[PDB]
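Protein chains in written order, with PDB author numbering: chain B, 118 to 168; chain A, 118 to 168.
Number of protein chains: 2
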Amino acid sequence: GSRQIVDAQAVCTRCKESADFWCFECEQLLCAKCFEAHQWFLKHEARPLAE
Amino acid sequence: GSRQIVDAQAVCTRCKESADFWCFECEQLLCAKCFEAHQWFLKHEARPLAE
Ligand SMILES: [Zn+2]
Ligand SMILES: [Zn+2]
Ligand SMILES: [Zn+2]
Ligand SMILES: [Zn+2]
């Protein structure tokens, strides 16, 4: 849910910041509070926002 | 020798962003790229930036 001049394509979609990883399956960004909740909520693999 | 380490900002001390957790002992902010490694490199007690 991002649009109207976002100016930020490297941060959690909900917090909009404090995130450096994006779920490969969900194709969405998640902050440490979310990335850690997912990897703990079950079994998921996320990649770093870097190249 | 003794030095002051305070940071009112809420982001990694190195990346300066993409962080939502800080070590209580080191009193430093770390991003998902550093926090994940920190907990995997050693055992430290950190808390979420939320409150
Ligand atoms: Zn996911
Ligand atoms: Zn989030
Ligand atoms: Zn960092
Ligand atoms: Zn530490």
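By construction, the Cβ of each residue, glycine as well, lies at the ideal position given by its N, Cα and C atoms.
Rounded straight-line distance, which links the Cα of residue j to that of residue i
i	j	result
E142 of chain A	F152 of chain A	13 Å
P165 of chain B	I122 of chain A	28 Å
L147 of chain B	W157 of chain B	13 Å
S119 of chain A	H161 of chain B	43 Å
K150 of chain A	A167 of chain A	19 Å
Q126 of chain A	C132 of chain A	12 Å
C129 of chain B	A163 of chain B	13 Å
Contacts of residue i in chain B (Cβ-Cβ under 7 Å)
i	result
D137 of chain A	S135, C148, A149 and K150
Residue i: contacting residues in chain B (beta-carbon distance under 8 Å)
i	result
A167 of chain A	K150
Interface residues of chain A facing residue i [CB-CB closer than 9 Å]
i	result
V128 of chain B	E134 and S135
- Message: I need the residues with a C-beta less than 6 Å from some heavy atom of ligand 4; please give them in chain order.
- Response: A:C140, A:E142, A:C143, A:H155 and A:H161
- Item | Pocket of ligand 3 (residues with CB nearer than 7 Å to any heavy atom), chain order | A:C129, A:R131, A:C132, A:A136, A:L147, A:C148, A:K150 and A:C151
- Task: Identify every run of the alpha helix (DSSP H) within the stretch 128 to 154 of chain A, keeping only runs that are complete inside it and at least 4 residues long; order them along the chain.
- Result: none
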